[PDB]
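Only one chain is given next, in structure tokens, and it is the form deposited in one PDB entry.
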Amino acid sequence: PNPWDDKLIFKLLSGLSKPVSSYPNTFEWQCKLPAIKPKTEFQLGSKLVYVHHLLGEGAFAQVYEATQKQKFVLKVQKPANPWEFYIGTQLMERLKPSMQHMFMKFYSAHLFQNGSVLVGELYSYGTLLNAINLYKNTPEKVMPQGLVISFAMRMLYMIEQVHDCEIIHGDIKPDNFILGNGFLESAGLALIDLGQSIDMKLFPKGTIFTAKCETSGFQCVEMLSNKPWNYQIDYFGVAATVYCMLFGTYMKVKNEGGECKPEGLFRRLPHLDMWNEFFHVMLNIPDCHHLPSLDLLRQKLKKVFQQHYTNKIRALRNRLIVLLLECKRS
């Protein structure tokens, strides 16, 4: 199967015992997607909504901040994307209530003839990618190890929960992580954008995929060698995200001695042995039946974190908060 095939996705959504159209918080309208703009009111079903400003632009969608006094977000996309609403609904259903804070809730979905509007939870302090870019514009240039390791551990923990729900995110990268006000109180880190996600419960047991991402660079290890894959795509995504935090550029992998490893000479990289082991396990998965333990991966990082950064993490996050606030004020 091609898990991103529009026909397959249509067939899957069509044959659900509980289709998206049946949800109490789904709203189907027989009209075009209304014009949405910053600083403008517009009718959304029974409720009138005021659109504040554009928060971010993804590969497909626009995400606006909005209010009815609680503020929320509107993810707008052409054509409609009921699939992301499905996945988001399943994820929050399958997740333990204590895990849901690490992800974005969808309050409702408004589906139109030519597009859709998903209403969901707001995270106020920008993407992880933006945080990385904020460090570029400082003398220290790169995020400090205390934060990088802390975020990395949270990422491993996050996808362990998602995979426990038998879901694949399918697009794990820096701009799909958001920081919220909880960070001011890796607590406020959240993983969003389930548009390309895969629900493995909709396929037979042990199903695998061969389909490849469009770009040669964003392809995981299995894709680059036409090998089959399922959950390994999220492992590669986490590894690539961590690599961006470390080096401020996207990860490109090479093959040496049958082993896959990131390029770059890894100069000026502290905890070298920790990261080599981290990238080794994440990028060298024997097969779909031998996925490395996400818990164990996190424990090894946690060992180094506890050894060096428990007393310093406080100042490190305060430093970042100042940069985030400076960014938000502008």
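In case it trips you up, residue 1 is the first one in the sequence shown, and so on. In this text, the rigid core denotes the largest set of C-alpha atoms whose superposition between the two forms falls within 1.5 Å.
Although it is not shown, the form deposited in another entry is what the next lines describe.
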property: Sole residue of 203, 218, 157, 135 shifting 2 angstroms or more in CA between this form and the one not shown, core aligned; result: 218
property: Direction of Cα pair change residue 214-residue 83 in the other entry, magnitude 3 angstroms or more; result: closer
property: Closer or farther in the other entry: C-alpha pair residue 167, residue 215 (3 angstroms or more); result: closer
